[PDB]
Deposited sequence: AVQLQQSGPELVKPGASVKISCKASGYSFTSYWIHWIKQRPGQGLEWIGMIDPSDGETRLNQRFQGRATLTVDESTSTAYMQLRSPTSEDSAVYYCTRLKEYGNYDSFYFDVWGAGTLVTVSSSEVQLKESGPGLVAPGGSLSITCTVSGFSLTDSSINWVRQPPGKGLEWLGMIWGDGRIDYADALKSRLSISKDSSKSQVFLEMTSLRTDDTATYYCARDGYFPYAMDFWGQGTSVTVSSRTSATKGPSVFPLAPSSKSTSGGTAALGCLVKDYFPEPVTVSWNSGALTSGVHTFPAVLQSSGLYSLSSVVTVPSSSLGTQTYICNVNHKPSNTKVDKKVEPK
């Protein structure tokens, strides 16, 4: 009877547009509106918009800021949805459905659905991720790391731009191909830019902080000629305040193995708020690993232990490192747990 046949899965690059069809059959196509729905695992169902096959009228959810275009071909009974400038966030199962109505919209509902269409939007090759603290006391020191991916530091140049909240961008400086460093004349005194090409890391070090330094900090790669800033990181928010924190970084202690199974671990103590992440040997060691739920202490702070059981013969031969990362304090430390 009534059917809606959707087009096959799509693998898209970012910026490249995508177009899916929905072919109606078994009824007068022009009698009901066709609606498009988005489904991502984290979220649930989201209404994109609708189109009237009788005249091509279109209504779209403001959330798709002229991103989605809806069209029909009544000659082939086909509804289309074109997504322009797709990003990772646009990866989902897109359904088309018909809003069947009775007694001139007395009752109207999504009775028939298409099988959905998986649209996978590929992650951009060039990536820049900033990491730095949140809260810094006035007179302190803020250090930020930009972690470049999908390109070499030995050829490309990186800029440090900052934006105070509700204010405009301010160029801090840049580090060339190459080695060459340039700074801003109003900040040269307390600005230090460096890079570690082997680990694809670019640093920033601003000594003697003041409340004026309160800004989002970005790093931006220079493209080919005229060498404008084509790629940017999402930025790291930095607040210079005497304000009492609010969030506490953990201290990671070793749970040293004993003098044929052996156990060792890490005691992640005094951290706020939750959650803390623990991995072993940068994710290599998974077997016998036990990361225990946190415990709220009398101090109001949290504690947890992570353990691993290994053969007794691997002790002293195999190096055991635990990787702890507390995001709401930017705390990220690796502790080596070795015999005693």
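- Sequence range 260-264 alone has no coordinates in this entry (deposited sequence, numbered from 1, C-alpha basis).
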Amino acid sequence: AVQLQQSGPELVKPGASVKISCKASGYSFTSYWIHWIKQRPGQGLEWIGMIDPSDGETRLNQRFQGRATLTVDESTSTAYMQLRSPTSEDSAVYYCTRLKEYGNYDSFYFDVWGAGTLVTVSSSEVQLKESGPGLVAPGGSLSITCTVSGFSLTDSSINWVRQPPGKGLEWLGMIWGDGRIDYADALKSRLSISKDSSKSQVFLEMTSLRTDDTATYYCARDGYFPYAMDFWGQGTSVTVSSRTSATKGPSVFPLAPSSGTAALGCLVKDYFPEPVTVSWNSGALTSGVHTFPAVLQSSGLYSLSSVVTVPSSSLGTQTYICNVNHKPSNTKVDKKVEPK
From here on, numbers count along this sequence of modelled residues.
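- Averaged over Cα atoms, the B-factor as recorded in the entry is higher for 181-189 than for the other of 181-189 and 157-165.
- In this entry, the higher average B-factor at the C-alpha atoms falls on 206-214, of the pair 206-214 and 82-90.
- Residues shown: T236, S122, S152, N104. Highest C-alpha temperature factor in the entry: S152.
- Comparing the C-alpha B-factors of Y109, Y224, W232, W113 in the entry, the top value falls on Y224.
- Sort the chain's modelled residues by C-alpha temperature factor and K269 lands in the middle third, per the entry.
- Sorting the modelled residues of the chain by their CA temperature factor places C22 in the lowest third.
- When the modelled residues of the chain are ordered by their C-alpha B factor, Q297 lands in the highest third.
- Looking at the C-alpha B-factors along this chain, the one for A137 belongs to the middle third.
- Per the PDB record, residue ranking by Cα B-factor puts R98 in the lowest third of the chain.
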